[PDB]
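The data block below is target_8.txt; it holds compact mmCIF, N, CA and C atoms.
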```txt
# COMPACT_ATOMS: atom_id res chain seq x y z
N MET A 15 0.81 -1.22 0.00
CA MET A 15 0.00 0.00 0.00
C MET A 15 0.85 1.28 0.00
N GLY A 16 1.94 1.28 -0.78
CA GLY A 16 2.95 2.35 -0.83
C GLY A 16 2.40 3.73 -1.22
N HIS A 17 1.40 3.76 -2.11
CA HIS A 17 0.61 4.95 -2.49
C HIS A 17 1.47 6.06 -3.17
N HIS A 18 0.96 7.30 -3.24
CA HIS A 18 1.76 8.47 -3.65
C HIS A 18 2.47 9.12 -2.44
N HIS A 19 3.58 9.82 -2.68
CA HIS A 19 4.41 10.49 -1.66
C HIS A 19 5.39 11.50 -2.32
N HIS A 20 6.33 12.08 -1.57
CA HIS A 20 7.34 13.00 -2.11
C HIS A 20 8.32 12.31 -3.08
N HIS A 21 8.75 11.08 -2.75
CA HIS A 21 9.67 10.23 -3.53
C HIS A 21 11.13 10.76 -3.48
N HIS A 22 12.02 10.27 -4.35
CA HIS A 22 13.44 10.68 -4.46
C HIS A 22 14.24 10.43 -3.15
N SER A 23 14.59 9.16 -2.90
CA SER A 23 15.26 8.75 -1.64
C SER A 23 16.00 7.41 -1.73
N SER A 24 15.37 6.33 -2.22
CA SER A 24 15.92 4.96 -2.38
C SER A 24 16.27 4.25 -1.06
N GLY A 25 17.27 4.73 -0.32
CA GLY A 25 17.76 4.12 0.92
C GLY A 25 18.53 5.11 1.81
N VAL A 26 19.48 4.59 2.60
CA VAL A 26 20.32 5.41 3.49
C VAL A 26 21.16 6.42 2.69
N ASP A 27 21.24 7.66 3.20
CA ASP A 27 21.94 8.79 2.55
C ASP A 27 23.14 9.29 3.39
N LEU A 28 23.56 8.49 4.38
CA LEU A 28 24.55 8.82 5.42
C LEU A 28 25.24 7.60 6.06
N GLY A 29 24.77 6.37 5.79
CA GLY A 29 25.43 5.11 6.21
C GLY A 29 25.11 4.63 7.64
N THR A 30 24.33 5.40 8.42
CA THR A 30 23.99 5.10 9.83
C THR A 30 22.54 5.49 10.21
N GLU A 31 21.68 5.77 9.23
CA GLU A 31 20.26 6.12 9.46
C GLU A 31 19.49 4.95 10.10
N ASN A 32 19.73 3.72 9.64
CA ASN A 32 19.07 2.53 10.20
C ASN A 32 19.56 2.17 11.61
N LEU A 33 20.81 2.49 11.95
CA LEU A 33 21.50 2.04 13.16
C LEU A 33 20.82 2.54 14.45
N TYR A 34 20.12 3.68 14.37
CA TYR A 34 19.32 4.28 15.45
C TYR A 34 18.08 3.44 15.84
N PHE A 35 17.59 2.58 14.94
CA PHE A 35 16.38 1.76 15.07
C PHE A 35 16.63 0.27 14.73
N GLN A 36 17.89 -0.17 14.72
CA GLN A 36 18.34 -1.56 14.49
C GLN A 36 18.13 -2.00 13.03
N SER A 37 18.34 -3.29 12.73
CA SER A 37 18.09 -3.86 11.39
C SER A 37 16.62 -3.74 10.95
N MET A 38 15.69 -3.54 11.90
CA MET A 38 14.27 -3.26 11.61
C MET A 38 14.10 -2.01 10.73
N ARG A 39 14.82 -0.91 10.99
CA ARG A 39 14.74 0.26 10.09
C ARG A 39 15.44 -0.02 8.75
N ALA A 40 16.54 -0.78 8.74
CA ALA A 40 17.25 -1.13 7.51
C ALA A 40 16.32 -1.85 6.53
N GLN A 41 15.65 -2.92 6.98
CA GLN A 41 14.76 -3.73 6.16
C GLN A 41 13.45 -3.01 5.77
N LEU A 42 12.86 -2.20 6.67
CA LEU A 42 11.67 -1.41 6.37
C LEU A 42 11.94 -0.38 5.27
N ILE A 43 13.08 0.32 5.35
CA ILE A 43 13.49 1.30 4.33
C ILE A 43 13.90 0.60 3.02
N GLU A 44 14.73 -0.45 3.09
CA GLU A 44 15.25 -1.20 1.94
C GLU A 44 14.15 -1.68 0.97
N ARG A 45 12.96 -2.04 1.47
CA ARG A 45 11.82 -2.40 0.62
C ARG A 45 10.82 -1.24 0.45
N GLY A 46 10.43 -0.57 1.54
CA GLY A 46 9.37 0.45 1.52
C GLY A 46 9.75 1.74 0.78
N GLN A 47 11.03 2.11 0.79
CA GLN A 47 11.56 3.30 0.11
C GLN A 47 12.08 2.98 -1.31
N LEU A 48 12.17 1.70 -1.69
CA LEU A 48 12.29 1.26 -3.10
C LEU A 48 10.93 1.28 -3.81
N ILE A 49 9.86 0.83 -3.14
CA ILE A 49 8.49 0.81 -3.71
C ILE A 49 7.90 2.23 -3.80
N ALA A 50 7.96 2.98 -2.70
CA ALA A 50 7.37 4.31 -2.55
C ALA A 50 8.15 5.08 -1.47
N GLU A 51 7.58 5.26 -0.28
CA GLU A 51 8.23 5.88 0.87
C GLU A 51 7.57 5.43 2.18
N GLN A 52 8.24 4.55 2.94
CA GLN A 52 7.98 4.29 4.37
C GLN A 52 6.53 3.79 4.65
N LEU A 53 5.88 3.17 3.66
CA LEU A 53 4.45 2.82 3.68
C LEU A 53 4.13 1.40 3.18
N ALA A 54 4.84 0.92 2.15
CA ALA A 54 4.67 -0.44 1.63
C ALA A 54 5.12 -1.50 2.66
N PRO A 55 4.55 -2.73 2.64
CA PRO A 55 4.85 -3.77 3.61
C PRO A 55 6.31 -4.26 3.52
N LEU A 56 6.80 -4.85 4.61
CA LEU A 56 8.17 -5.39 4.69
C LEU A 56 8.27 -6.81 4.12
N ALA A 57 7.31 -7.69 4.42
CA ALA A 57 7.35 -9.11 4.03
C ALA A 57 6.38 -9.47 2.90
N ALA A 58 5.14 -8.95 2.91
CA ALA A 58 4.09 -9.38 1.98
C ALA A 58 4.49 -9.17 0.50
N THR A 59 4.96 -7.96 0.16
CA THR A 59 5.51 -7.62 -1.17
C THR A 59 6.80 -8.37 -1.45
N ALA A 60 7.72 -8.44 -0.48
CA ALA A 60 9.04 -9.04 -0.64
C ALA A 60 8.97 -10.55 -0.91
N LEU A 61 8.01 -11.26 -0.32
CA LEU A 61 7.77 -12.69 -0.56
C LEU A 61 7.05 -12.88 -1.90
N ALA A 62 6.04 -12.06 -2.21
CA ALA A 62 5.31 -12.10 -3.49
C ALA A 62 6.23 -11.89 -4.71
N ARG A 63 7.20 -10.98 -4.61
CA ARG A 63 8.24 -10.72 -5.63
C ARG A 63 9.49 -11.61 -5.48
N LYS A 64 9.63 -12.32 -4.35
CA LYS A 64 10.69 -13.30 -4.03
C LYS A 64 12.09 -12.66 -3.80
N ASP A 65 12.14 -11.42 -3.29
CA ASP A 65 13.36 -10.64 -3.05
C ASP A 65 14.09 -11.07 -1.76
N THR A 66 14.80 -12.21 -1.84
CA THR A 66 15.64 -12.80 -0.77
C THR A 66 16.64 -11.81 -0.15
N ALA A 67 17.06 -10.77 -0.88
CA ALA A 67 17.92 -9.69 -0.39
C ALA A 67 17.39 -9.06 0.91
N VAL A 68 16.12 -8.65 0.93
CA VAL A 68 15.45 -8.11 2.13
C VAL A 68 14.75 -9.22 2.94
N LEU A 69 14.34 -10.33 2.30
CA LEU A 69 13.77 -11.49 3.00
C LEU A 69 14.74 -12.06 4.05
N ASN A 70 16.06 -12.04 3.80
CA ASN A 70 17.08 -12.37 4.80
C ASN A 70 16.95 -11.52 6.08
N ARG A 71 16.93 -10.18 5.95
CA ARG A 71 16.90 -9.28 7.11
C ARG A 71 15.60 -9.45 7.90
N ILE A 72 14.45 -9.38 7.22
CA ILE A 72 13.14 -9.58 7.88
C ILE A 72 13.00 -10.99 8.44
N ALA A 73 13.65 -12.01 7.88
CA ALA A 73 13.65 -13.34 8.48
C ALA A 73 14.43 -13.37 9.81
N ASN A 74 15.66 -12.87 9.83
CA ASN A 74 16.49 -12.87 11.04
C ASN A 74 15.98 -11.91 12.15
N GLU A 75 15.02 -11.03 11.85
CA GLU A 75 14.35 -10.16 12.83
C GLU A 75 12.91 -10.60 13.17
N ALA A 76 12.07 -10.85 12.16
CA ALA A 76 10.63 -11.12 12.31
C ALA A 76 10.29 -12.62 12.24
N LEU A 77 10.93 -13.41 11.36
CA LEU A 77 10.77 -14.89 11.35
C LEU A 77 11.54 -15.55 12.52
N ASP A 78 12.37 -14.79 13.22
CA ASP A 78 13.08 -15.18 14.44
C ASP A 78 12.18 -15.14 15.70
N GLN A 79 10.95 -14.60 15.59
CA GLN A 79 10.00 -14.43 16.70
C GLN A 79 9.26 -15.74 17.07
N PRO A 80 8.76 -15.88 18.32
CA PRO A 80 8.21 -17.13 18.84
C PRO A 80 6.89 -17.57 18.19
N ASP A 81 6.21 -16.71 17.42
CA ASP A 81 5.00 -17.06 16.66
C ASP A 81 5.28 -17.86 15.37
N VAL A 82 6.55 -17.99 14.98
CA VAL A 82 6.98 -18.44 13.64
C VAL A 82 7.24 -19.95 13.60
N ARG A 83 6.98 -20.58 12.45
CA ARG A 83 7.06 -22.04 12.27
C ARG A 83 8.41 -22.49 11.67
N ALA A 84 8.84 -21.91 10.53
CA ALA A 84 10.04 -22.33 9.77
C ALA A 84 10.32 -21.44 8.53
N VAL A 85 11.60 -21.14 8.25
CA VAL A 85 12.02 -20.38 7.06
C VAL A 85 13.51 -20.63 6.72
N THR A 86 13.87 -20.56 5.43
CA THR A 86 15.22 -20.83 4.90
C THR A 86 15.37 -20.22 3.52
N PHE A 87 16.59 -19.86 3.11
CA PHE A 87 16.89 -19.23 1.82
C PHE A 87 18.29 -19.62 1.33
N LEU A 88 18.44 -20.00 0.05
CA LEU A 88 19.71 -20.41 -0.55
C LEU A 88 19.73 -20.17 -2.06
N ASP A 89 20.89 -19.77 -2.60
CA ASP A 89 21.11 -19.61 -4.05
C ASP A 89 21.84 -20.82 -4.67
N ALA A 90 21.86 -20.87 -6.01
CA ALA A 90 22.51 -21.89 -6.85
C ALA A 90 23.97 -22.20 -6.47
N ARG A 91 24.66 -21.23 -5.87
CA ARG A 91 26.06 -21.29 -5.43
C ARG A 91 26.29 -22.17 -4.18
N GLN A 92 25.22 -22.75 -3.60
CA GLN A 92 25.21 -23.46 -2.31
C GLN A 92 25.56 -22.50 -1.16
N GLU A 93 25.01 -21.28 -1.22
CA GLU A 93 25.15 -20.23 -0.21
C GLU A 93 23.77 -19.97 0.42
N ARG A 94 23.65 -20.19 1.74
CA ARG A 94 22.47 -19.80 2.52
C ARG A 94 22.50 -18.29 2.73
N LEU A 95 21.44 -17.61 2.30
CA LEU A 95 21.24 -16.19 2.57
C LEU A 95 20.67 -15.98 3.98
N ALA A 96 19.85 -16.92 4.48
CA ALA A 96 19.18 -16.85 5.78
C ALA A 96 18.50 -18.17 6.18
N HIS A 97 18.02 -18.21 7.42
CA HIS A 97 17.41 -19.36 8.08
C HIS A 97 16.85 -18.93 9.45
N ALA A 98 15.64 -19.38 9.80
CA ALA A 98 14.93 -19.01 11.04
C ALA A 98 13.81 -20.02 11.37
N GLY A 99 13.42 -20.07 12.65
CA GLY A 99 12.60 -21.14 13.22
C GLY A 99 13.45 -22.27 13.82
N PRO A 100 12.85 -23.13 14.67
CA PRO A 100 13.57 -24.02 15.58
C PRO A 100 14.37 -25.12 14.88
N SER A 101 13.90 -25.63 13.73
CA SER A 101 14.55 -26.71 12.97
C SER A 101 15.55 -26.21 11.90
N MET A 102 15.54 -24.91 11.57
CA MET A 102 16.43 -24.30 10.56
C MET A 102 17.61 -23.54 11.17
N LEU A 103 17.35 -22.68 12.17
CA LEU A 103 18.36 -21.84 12.81
C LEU A 103 18.89 -22.56 14.06
N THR A 104 20.11 -23.08 13.96
CA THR A 104 20.83 -23.78 15.05
C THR A 104 21.03 -22.89 16.28
N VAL A 105 21.17 -21.57 16.06
CA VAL A 105 21.35 -20.53 17.09
C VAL A 105 20.01 -19.84 17.44
N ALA A 106 18.91 -20.62 17.55
CA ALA A 106 17.59 -20.15 17.98
C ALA A 106 17.26 -20.59 19.43
N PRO A 107 17.62 -19.80 20.46
CA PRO A 107 17.21 -20.04 21.85
C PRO A 107 15.74 -19.67 22.12
N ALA A 108 15.12 -18.84 21.26
CA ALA A 108 13.72 -18.38 21.33
C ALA A 108 13.45 -17.49 22.57
N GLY A 109 12.17 -17.33 22.95
CA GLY A 109 11.71 -16.67 24.18
C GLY A 109 11.59 -15.14 24.10
N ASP A 110 12.41 -14.49 23.27
CA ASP A 110 12.33 -13.05 22.98
C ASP A 110 11.85 -12.78 21.53
N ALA A 111 11.62 -11.51 21.18
CA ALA A 111 11.25 -11.11 19.82
C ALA A 111 12.50 -11.01 18.92
N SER A 112 13.17 -9.85 18.90
CA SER A 112 14.42 -9.61 18.16
C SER A 112 15.68 -9.64 19.04
N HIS A 113 15.55 -9.36 20.35
CA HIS A 113 16.68 -9.23 21.28
C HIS A 113 17.49 -10.53 21.49
N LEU A 114 16.96 -11.69 21.08
CA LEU A 114 17.68 -12.97 21.08
C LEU A 114 18.76 -13.04 19.98
N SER A 115 18.70 -12.18 18.96
CA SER A 115 19.61 -12.17 17.81
C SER A 115 21.05 -11.79 18.22
N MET A 116 21.84 -12.81 18.58
CA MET A 116 23.19 -12.68 19.15
C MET A 116 24.28 -12.63 18.08
N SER A 117 24.14 -13.42 17.01
CA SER A 117 25.12 -13.59 15.93
C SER A 117 24.57 -14.51 14.82
N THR A 118 23.76 -13.93 13.91
CA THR A 118 23.09 -14.62 12.79
C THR A 118 23.03 -13.72 11.54
N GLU A 119 24.15 -13.07 11.25
CA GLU A 119 24.34 -12.19 10.09
C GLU A 119 24.63 -12.99 8.80
N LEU A 120 24.81 -12.31 7.66
CA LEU A 120 25.11 -12.90 6.34
C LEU A 120 26.40 -13.75 6.32
N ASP A 121 27.31 -13.52 7.28
CA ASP A 121 28.52 -14.32 7.51
C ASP A 121 28.21 -15.79 7.89
N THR A 122 26.96 -16.10 8.26
CA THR A 122 26.45 -17.45 8.58
C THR A 122 26.10 -18.19 7.28
N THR A 123 27.13 -18.48 6.48
CA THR A 123 27.05 -19.19 5.18
C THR A 123 26.69 -20.67 5.38
N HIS A 124 26.22 -21.32 4.31
CA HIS A 124 25.78 -22.73 4.32
C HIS A 124 26.89 -23.71 4.75
N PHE A 125 28.08 -23.59 4.16
CA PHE A 125 29.29 -24.33 4.52
C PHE A 125 29.06 -25.86 4.61
N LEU A 126 29.61 -26.52 5.64
CA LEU A 126 29.52 -27.96 5.92
C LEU A 126 28.68 -28.24 7.19
N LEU A 127 27.58 -27.49 7.37
CA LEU A 127 26.65 -27.61 8.50
C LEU A 127 25.92 -28.98 8.56
N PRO A 128 25.40 -29.38 9.74
CA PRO A 128 24.73 -30.67 9.95
C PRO A 128 23.29 -30.74 9.39
N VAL A 129 22.67 -29.61 9.06
CA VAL A 129 21.30 -29.50 8.50
C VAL A 129 21.25 -28.39 7.43
N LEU A 130 20.28 -28.47 6.51
CA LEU A 130 20.03 -27.48 5.45
C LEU A 130 18.58 -27.58 4.93
N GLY A 131 17.95 -26.42 4.69
CA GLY A 131 16.59 -26.33 4.12
C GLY A 131 15.55 -27.10 4.93
N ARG A 132 14.64 -27.78 4.22
CA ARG A 132 13.82 -28.89 4.73
C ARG A 132 14.06 -30.21 3.97
N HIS A 133 15.19 -30.33 3.27
CA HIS A 133 15.57 -31.51 2.45
C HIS A 133 14.59 -31.75 1.27
N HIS A 134 13.87 -30.71 0.82
CA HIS A 134 12.87 -30.79 -0.26
C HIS A 134 13.52 -30.75 -1.67
N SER A 135 12.78 -31.18 -2.70
CA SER A 135 13.26 -31.15 -4.10
C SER A 135 13.24 -29.73 -4.69
N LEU A 136 12.09 -29.05 -4.63
CA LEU A 136 11.86 -27.68 -5.13
C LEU A 136 10.58 -27.09 -4.52
N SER A 137 10.69 -25.91 -3.93
CA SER A 137 9.57 -25.06 -3.50
C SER A 137 10.05 -23.62 -3.24
N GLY A 138 9.13 -22.65 -3.26
CA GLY A 138 9.43 -21.22 -3.05
C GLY A 138 9.96 -20.54 -4.31
N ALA A 139 11.27 -20.35 -4.42
CA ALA A 139 11.93 -19.73 -5.58
C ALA A 139 12.19 -20.77 -6.69
N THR A 140 11.11 -21.16 -7.38
CA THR A 140 11.15 -21.92 -8.65
C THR A 140 11.64 -21.06 -9.82
N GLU A 141 11.47 -19.73 -9.73
CA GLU A 141 12.02 -18.74 -10.67
C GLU A 141 13.56 -18.68 -10.63
N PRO A 142 14.22 -18.23 -11.72
CA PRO A 142 15.68 -18.17 -11.83
C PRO A 142 16.29 -17.01 -11.01
N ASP A 143 17.61 -16.85 -11.13
CA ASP A 143 18.41 -15.81 -10.46
C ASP A 143 18.00 -14.36 -10.82
N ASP A 144 17.20 -14.19 -11.88
CA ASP A 144 16.60 -12.92 -12.31
C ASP A 144 15.62 -12.34 -11.26
N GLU A 145 15.01 -13.19 -10.43
CA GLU A 145 14.17 -12.79 -9.30
C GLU A 145 15.04 -12.37 -8.10
N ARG A 146 15.91 -13.29 -7.63
CA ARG A 146 16.99 -13.05 -6.65
C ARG A 146 17.85 -14.30 -6.42
N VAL A 147 17.21 -15.44 -6.13
CA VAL A 147 17.87 -16.74 -5.89
C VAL A 147 17.22 -17.84 -6.73
N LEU A 148 18.03 -18.79 -7.21
CA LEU A 148 17.58 -19.96 -7.97
C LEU A 148 17.53 -21.24 -7.11
N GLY A 149 18.25 -21.29 -5.98
CA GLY A 149 18.46 -22.51 -5.18
C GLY A 149 17.17 -23.03 -4.55
N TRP A 150 16.67 -22.33 -3.53
CA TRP A 150 15.38 -22.57 -2.85
C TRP A 150 15.06 -21.51 -1.78
N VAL A 151 13.82 -21.55 -1.28
CA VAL A 151 13.37 -20.80 -0.09
C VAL A 151 12.16 -21.51 0.53
N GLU A 152 12.20 -21.70 1.84
CA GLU A 152 11.10 -22.22 2.64
C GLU A 152 10.29 -21.05 3.23
N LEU A 153 8.98 -21.25 3.44
CA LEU A 153 8.07 -20.22 3.94
C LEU A 153 6.94 -20.84 4.78
N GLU A 154 7.02 -20.72 6.11
CA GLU A 154 6.05 -21.29 7.03
C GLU A 154 5.93 -20.43 8.31
N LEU A 155 4.80 -19.73 8.43
CA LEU A 155 4.53 -18.67 9.41
C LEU A 155 3.05 -18.27 9.40
N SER A 156 2.66 -17.38 10.31
CA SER A 156 1.36 -16.68 10.28
C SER A 156 1.20 -15.77 9.04
N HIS A 157 -0.02 -15.35 8.72
CA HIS A 157 -0.34 -14.62 7.47
C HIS A 157 0.24 -13.18 7.36
N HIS A 158 1.02 -12.72 8.35
CA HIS A 158 1.65 -11.40 8.47
C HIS A 158 0.63 -10.26 8.74
N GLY A 159 1.07 -9.00 8.74
CA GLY A 159 0.24 -7.81 9.01
C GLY A 159 0.18 -7.38 10.48
N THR A 160 1.08 -7.92 11.33
CA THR A 160 1.28 -7.56 12.76
C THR A 160 0.14 -8.12 13.63
N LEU A 161 0.17 -7.88 14.95
CA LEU A 161 -0.88 -8.22 15.93
C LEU A 161 -0.92 -9.74 16.27
N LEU A 162 0.12 -10.49 15.89
CA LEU A 162 0.19 -11.96 15.94
C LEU A 162 1.50 -12.40 16.62
N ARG A 163 1.48 -12.61 17.94
CA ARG A 163 2.67 -12.95 18.74
C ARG A 163 2.41 -14.11 19.72
N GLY A 164 3.44 -14.92 19.98
CA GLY A 164 3.37 -16.12 20.85
C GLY A 164 3.33 -15.76 22.33
```
Let me see whether you can do it: turn the structure in this file into structure tokens.
Amino acid sequence: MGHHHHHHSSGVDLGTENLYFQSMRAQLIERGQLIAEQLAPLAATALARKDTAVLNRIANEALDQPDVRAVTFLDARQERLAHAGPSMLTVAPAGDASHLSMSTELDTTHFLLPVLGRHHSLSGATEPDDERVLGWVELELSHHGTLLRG
């Protein structure tokens, strides 16, 4: 629901605008200020268009919450972009919203880990690298739009 606005902004114009409000401001601006200005949804549009670039950040902040079932993201290169929920994220102690996020940045590559994805053949990003990722993405959670917490 991005609508009309002033426009002409894209993202951060100083390198530390998001840092005042955590990765939550980074991901809200990264999608909402690409679509319009500070009004379009963070996850609903990003999942519909399959933009794993921002789906990583919103997963490690919002799919990391105790209401969530399961999520994962990987490209053709055998690189995990993200992972969240109890069976995907090995570093999920749960119990908090975002404050549990101790060390689960993009540096958490797929590598030689003991688990990956949901061991499925193909689901989520059936589209090629022209969307964002060709490998796969899992999606299992509440219908979004806020007001839904464990």
Quick one: pull the distance between CA of residue 80 (chain A) and CA of residue 109 (chain A), Å, one decimal. 6.4 Å
Nearest residue to residue 93 (chain A) from the set A:16, A:29, A:149, A:159 (distances using only C-alpha atoms):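 The answer is A:149, which sits nearest to residue 93 (chain A).
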(10.4, -5.8, -0.4) in this file's frame - what residues fall within 10 Å of it? Use only C-alpha atoms and give the answer as a compact mmCIF listing (two decimals) with N, CA and C atoms, keeping the file's coordinate frame.
```
# COMPACT_ATOMS: atom_id res chain seq x y z
N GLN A 41 15.65 -2.92 6.98
CA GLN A 41 14.76 -3.73 6.16
C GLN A 41 13.45 -3.01 5.77
N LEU A 42 12.86 -2.20 6.67
CA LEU A 42 11.67 -1.41 6.37
C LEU A 42 11.94 -0.38 5.27
N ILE A 43 13.08 0.32 5.35
CA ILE A 43 13.49 1.30 4.33
C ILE A 43 13.90 0.60 3.02
N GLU A 44 14.73 -0.45 3.09
CA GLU A 44 15.25 -1.20 1.94
C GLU A 44 14.15 -1.68 0.97
N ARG A 45 12.96 -2.04 1.47
CA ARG A 45 11.82 -2.40 0.62
C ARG A 45 10.82 -1.24 0.45
N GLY A 46 10.43 -0.57 1.54
CA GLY A 46 9.37 0.45 1.52
C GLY A 46 9.75 1.74 0.78
N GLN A 47 11.03 2.11 0.79
CA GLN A 47 11.56 3.30 0.11
C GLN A 47 12.08 2.98 -1.31
N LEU A 48 12.17 1.70 -1.69
CA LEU A 48 12.29 1.26 -3.10
C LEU A 48 10.93 1.28 -3.81
N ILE A 49 9.86 0.83 -3.14
CA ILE A 49 8.49 0.81 -3.71
C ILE A 49 7.90 2.23 -3.80
N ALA A 54 4.84 0.92 2.15
CA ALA A 54 4.67 -0.44 1.63
C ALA A 54 5.12 -1.50 2.66
N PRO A 55 4.55 -2.73 2.64
CA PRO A 55 4.85 -3.77 3.61
C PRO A 55 6.31 -4.26 3.52
N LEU A 56 6.80 -4.85 4.61
CA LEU A 56 8.17 -5.39 4.69
C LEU A 56 8.27 -6.81 4.12
N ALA A 57 7.31 -7.69 4.42
CA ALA A 57 7.35 -9.11 4.03
C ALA A 57 6.38 -9.47 2.90
N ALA A 58 5.14 -8.95 2.91
CA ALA A 58 4.09 -9.38 1.98
C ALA A 58 4.49 -9.17 0.50
N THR A 59 4.96 -7.96 0.16
CA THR A 59 5.51 -7.62 -1.17
C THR A 59 6.80 -8.37 -1.45
N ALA A 60 7.72 -8.44 -0.48
CA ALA A 60 9.04 -9.04 -0.64
C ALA A 60 8.97 -10.55 -0.91
N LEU A 61 8.01 -11.26 -0.32
CA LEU A 61 7.77 -12.69 -0.56
C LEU A 61 7.05 -12.88 -1.90
N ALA A 62 6.04 -12.06 -2.21
CA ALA A 62 5.31 -12.10 -3.49
C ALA A 62 6.23 -11.89 -4.71
N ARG A 63 7.20 -10.98 -4.61
CA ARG A 63 8.24 -10.72 -5.63
C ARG A 63 9.49 -11.61 -5.48
N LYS A 64 9.63 -12.32 -4.35
CA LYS A 64 10.69 -13.30 -4.03
C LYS A 64 12.09 -12.66 -3.80
N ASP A 65 12.14 -11.42 -3.29
CA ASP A 65 13.36 -10.64 -3.05
C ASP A 65 14.09 -11.07 -1.76
N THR A 66 14.80 -12.21 -1.84
CA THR A 66 15.64 -12.80 -0.77
C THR A 66 16.64 -11.81 -0.15
N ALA A 67 17.06 -10.77 -0.88
CA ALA A 67 17.92 -9.69 -0.39
C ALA A 67 17.39 -9.06 0.91
N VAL A 68 16.12 -8.65 0.93
CA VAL A 68 15.45 -8.11 2.13
C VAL A 68 14.75 -9.22 2.94
N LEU A 69 14.34 -10.33 2.30
CA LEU A 69 13.77 -11.49 3.00
C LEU A 69 14.74 -12.06 4.05
N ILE A 72 14.45 -9.38 7.22
CA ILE A 72 13.14 -9.58 7.88
C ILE A 72 13.00 -10.99 8.44
```
Counting only C-alpha atoms, the option among A:113, A:91, A:19, A:157 closest to residue 79 (chain A):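 Looking at the shortest contact to residue 79 (chain A), the residue is A:113.
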From a DSSP calculation on the backbone, collect every residue of chain A in strand (DSSP E or B) and output the set as a ChimeraX atom specification. /A:84-89,93-98,150-154
Atoms kept (N, CA and C atoms) for selection, written as a PDB file, in the coordinates of the input:
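And here's result05.pdb as it stands now:
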```pdb
ATOM      1  N   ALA A  84       8.840 -21.910  10.530  1.00  0.00           N
ATOM      2  CA  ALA A  84      10.040 -22.330   9.770  1.00  0.00           C
ATOM      3  C   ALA A  84      10.320 -21.440   8.530  1.00  0.00           C
ATOM      4  N   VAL A  85      11.600 -21.140   8.250  1.00  0.00           N
ATOM      5  CA  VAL A  85      12.020 -20.380   7.060  1.00  0.00           C
ATOM      6  C   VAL A  85      13.510 -20.630   6.720  1.00  0.00           C
ATOM      7  N   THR A  86      13.870 -20.560   5.430  1.00  0.00           N
ATOM      8  CA  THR A  86      15.220 -20.830   4.900  1.00  0.00           C
ATOM      9  C   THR A  86      15.370 -20.220   3.520  1.00  0.00           C
ATOM     10  N   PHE A  87      16.590 -19.860   3.110  1.00  0.00           N
ATOM     11  CA  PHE A  87      16.890 -19.230   1.820  1.00  0.00           C
ATOM     12  C   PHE A  87      18.290 -19.620   1.330  1.00  0.00           C
ATOM     13  N   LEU A  88      18.440 -20.000   0.050  1.00  0.00           N
ATOM     14  CA  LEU A  88      19.710 -20.410  -0.550  1.00  0.00           C
ATOM     15  C   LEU A  88      19.730 -20.170  -2.060  1.00  0.00           C
ATOM     16  N   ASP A  89      20.890 -19.770  -2.600  1.00  0.00           N
ATOM     17  CA  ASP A  89      21.110 -19.610  -4.050  1.00  0.00           C
ATOM     18  C   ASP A  89      21.840 -20.820  -4.670  1.00  0.00           C
ATOM     19  N   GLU A  93      25.010 -21.280  -1.220  1.00  0.00           N
ATOM     20  CA  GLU A  93      25.150 -20.230  -0.210  1.00  0.00           C
ATOM     21  C   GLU A  93      23.770 -19.970   0.420  1.00  0.00           C
ATOM     22  N   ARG A  94      23.650 -20.190   1.740  1.00  0.00           N
ATOM     23  CA  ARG A  94      22.470 -19.800   2.520  1.00  0.00           C
ATOM     24  C   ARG A  94      22.500 -18.290   2.730  1.00  0.00           C
ATOM     25  N   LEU A  95      21.440 -17.610   2.300  1.00  0.00           N
ATOM     26  CA  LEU A  95      21.240 -16.190   2.570  1.00  0.00           C
ATOM     27  C   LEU A  95      20.670 -15.980   3.980  1.00  0.00           C
ATOM     28  N   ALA A  96      19.850 -16.920   4.480  1.00  0.00           N
ATOM     29  CA  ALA A  96      19.180 -16.850   5.780  1.00  0.00           C
ATOM     30  C   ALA A  96      18.500 -18.170   6.180  1.00  0.00           C
ATOM     31  N   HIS A  97      18.020 -18.210   7.420  1.00  0.00           N
ATOM     32  CA  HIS A  97      17.410 -19.360   8.080  1.00  0.00           C
ATOM     33  C   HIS A  97      16.850 -18.930   9.450  1.00  0.00           C
ATOM     34  N   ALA A  98      15.640 -19.380   9.800  1.00  0.00           N
ATOM     35  CA  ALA A  98      14.930 -19.010  11.040  1.00  0.00           C
ATOM     36  C   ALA A  98      13.810 -20.020  11.370  1.00  0.00           C
ATOM     37  N   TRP A 150      16.670 -22.330  -3.530  1.00  0.00           N
ATOM     38  CA  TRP A 150      15.380 -22.570  -2.850  1.00  0.00           C
ATOM     39  C   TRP A 150      15.060 -21.510  -1.780  1.00  0.00           C
ATOM     40  N   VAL A 151      13.820 -21.550  -1.280  1.00  0.00           N
ATOM     41  CA  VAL A 151      13.370 -20.800  -0.090  1.00  0.00           C
ATOM     42  C   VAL A 151      12.160 -21.510   0.530  1.00  0.00           C
ATOM     43  N   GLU A 152      12.200 -21.700   1.840  1.00  0.00           N
ATOM     44  CA  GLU A 152      11.100 -22.220   2.640  1.00  0.00           C
ATOM     45  C   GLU A 152      10.290 -21.050   3.230  1.00  0.00           C
ATOM     46  N   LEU A 153       8.980 -21.250   3.440  1.00  0.00           N
ATOM     47  CA  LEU A 153       8.070 -20.220   3.940  1.00  0.00           C
ATOM     48  C   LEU A 153       6.940 -20.840   4.780  1.00  0.00           C
ATOM     49  N   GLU A 154       7.020 -20.720   6.110  1.00  0.00           N
ATOM     50  CA  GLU A 154       6.050 -21.290   7.030  1.00  0.00           C
ATOM     51  C   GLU A 154       5.930 -20.430   8.310  1.00  0.00           C
TER      52      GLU A 154
END
```
Determine the nearest neighbour of residue 112 (chain A) from the options A:155, A:26, A:77, A:90, counting only C-alpha atoms. A:77
Quote the spacing between CA of residue 146 (chain A) and CA of residue 120 (chain A) in Å to one decimal place. 15.3 Å
Excluding region 127-134 of chain A and residues on its chain fewer than 5 positions from it, collect all residues at most 8 Å away from it, counting all atoms listed in the file, and give them as a list in words.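 After dropping sequence-adjacent residues, the list is residues 85, 86, 87, 88, 97, 101, 102, 150, 151 and 152 of chain A.
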